[PDB]
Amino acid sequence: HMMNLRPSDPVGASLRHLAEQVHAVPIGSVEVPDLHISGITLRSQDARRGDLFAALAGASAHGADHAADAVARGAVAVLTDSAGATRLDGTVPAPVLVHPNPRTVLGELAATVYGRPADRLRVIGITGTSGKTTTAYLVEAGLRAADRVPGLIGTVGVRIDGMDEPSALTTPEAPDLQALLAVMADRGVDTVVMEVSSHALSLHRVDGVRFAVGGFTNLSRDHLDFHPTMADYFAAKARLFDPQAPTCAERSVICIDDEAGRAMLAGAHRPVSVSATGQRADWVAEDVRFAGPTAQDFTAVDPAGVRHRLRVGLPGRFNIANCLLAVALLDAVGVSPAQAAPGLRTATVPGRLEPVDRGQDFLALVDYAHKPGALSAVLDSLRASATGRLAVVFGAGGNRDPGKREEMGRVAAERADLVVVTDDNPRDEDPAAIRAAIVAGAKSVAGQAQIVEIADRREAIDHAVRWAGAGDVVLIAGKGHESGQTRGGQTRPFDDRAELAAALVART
């Protein structure tokens, strides 16, 4: 029954001032009161003394049906839409405001209520198809090494001043994010690094955030079950860099190693370009050197002409680009490469090319990639002379884009020496039919990959671990930091890191 995290003593705001700020109007004939509002939420179970409850239309349900409960829990006022109003007329003992489309103003209302936390610290937002999480963790580690106090908001969770924050949401709505930024400022955070997804930029979830710096990794095909076309997907991410958009960051740090990045740079507010593929850019990586199985040395060249010799403590060639972007973002908030370097060398990223070491003589790691494009990239990222043979173990989710299954098999069989097709959250589907589609795609490739099908994921991990010899690479893909195997409405624990470690201890 743990309610969502709020700042302990927010400045708050008068309801009348909030109504004037966003052109909300009273539901009825009574003028908006100067009632003190100390919080805002869209979830009645998170409502508490002093809150404005946002009662909004949603999936086959309207929050107005929960407004009486929110007020009973201590909310002192309600903000709703026209539909909600007709349903709240004279039913709750609290003032009600109506707005044409409240979802579009919740972020700015929460910014006011929580004291404009994005003006108390520097917010870095990072968007792009892949690399948001790794880049964010590298930035957080660089800030800590520089003796700054960082906050991190990402897919895995939230961390504040070096401490996990389990009471915060990983995918906050706009009011939740403002509350979390205020908590961070209260706890001494001077710089927040957060992932900003195309969903968030399309659904008003980062409205009201002043972004000091925006970063762009790359774009490839993804999220087309939400965006109608690639052009809509690009346009959503462009909202972080377009000077005409209210979400535009004050400085844009853009990787130009793909077509989308080059186009983003051309229209971006106050652009800084970054390239780890040899192209001309303000920041470039050069002189990349092998540094053992889980580290890579490189030189970051800054726009002033200074060469910084650095180490990123991650495997995978594309992590040079993520580290270079992290370095440029850190510079944009006043952290030098030398100050950040100890953090870049030691950072760990949960579920993103995350190695597990139990003393074996080969590289064994877990990665989140669960779609063909990301899987192709991570397999390519692990291709290098040091890499003997490469094995990948994965499956595909039930009740998730079935059209990707053959393609995942294809991309794996084009790149890996051993492809182990197993189960990964078959959910309400026939698990054997999912594996069959992946296997068919893998077999359609002309090459020399060995294709093995093992339904049980523990057995599949075990098979790959037993197969590996000195200098080989074993990749367990598709779950990353996410624990669980869901079948027919039941979920059993299954953490790929724990299961990989157990196989390594047993077999190695």
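We number the residues from 1 along the sequence you see.
**Q** Give the stretch, out of 286-294 and 384-392, with the larger mean C-alpha temperature factor in the deposited entry.
**A** Per the deposited B-factors, the answer is 384-392.
**Q** On average, which has the higher Cα B-factor in the deposited entry, 79-87 or 110-118?
**A** Result of the comparison: 79-87.
**Q** Highest Cα temperature factor in the entry, among the options 310, 333, 437, 325: which one is it?
**A** Among 310, 333, 437, 325, the highest C-alpha B-factor in the entry belongs to 437.
**Q** With respect to the C-alpha temperature factors reported in the PDB entry, which of 350, 142, 74, 162 ranks highest?
**A** Comparing C-alpha B-factors across 350, 142, 74, 162, the top value belongs to 162.
**Q** Considering every modelled residue of the chain and its Cα B-factor in the PDB entry, is residue 25 in the lowest, middle or highest third?
**A** For residue 25, whose C-alpha B-factor we compare with every modelled residue in the chain, the answer is the highest third.
**Q** Using the temperature factors of the C-alpha atoms in this entry, rank residue 12 within its chain: lowest, middle or highest third.
**A** It belongs to the middle third of the chain when residues are ordered by C-alpha B-factor.
**Q** Could you tell me which third, lowest, middle or highest, the C-alpha B-factor of residue 103 occupies within its chain?
**A** For residue 103, the deposited C-alpha B-factor lands in the highest third.
**Q** Looking at the entry's B-factor column for C-alpha atoms only, identify whether residue 299 ranks in the lowest, middle or highest third of its chain.
**A** For residue 299, the deposited C-alpha B-factor lands in the lowest third.
**Q** Among the modelled residues of this chain, does the Cα B factor of residue 33 put it in the lowest, middle or highest third?
**A** Middle third of the chain for residue 33's C-alpha B-factor.
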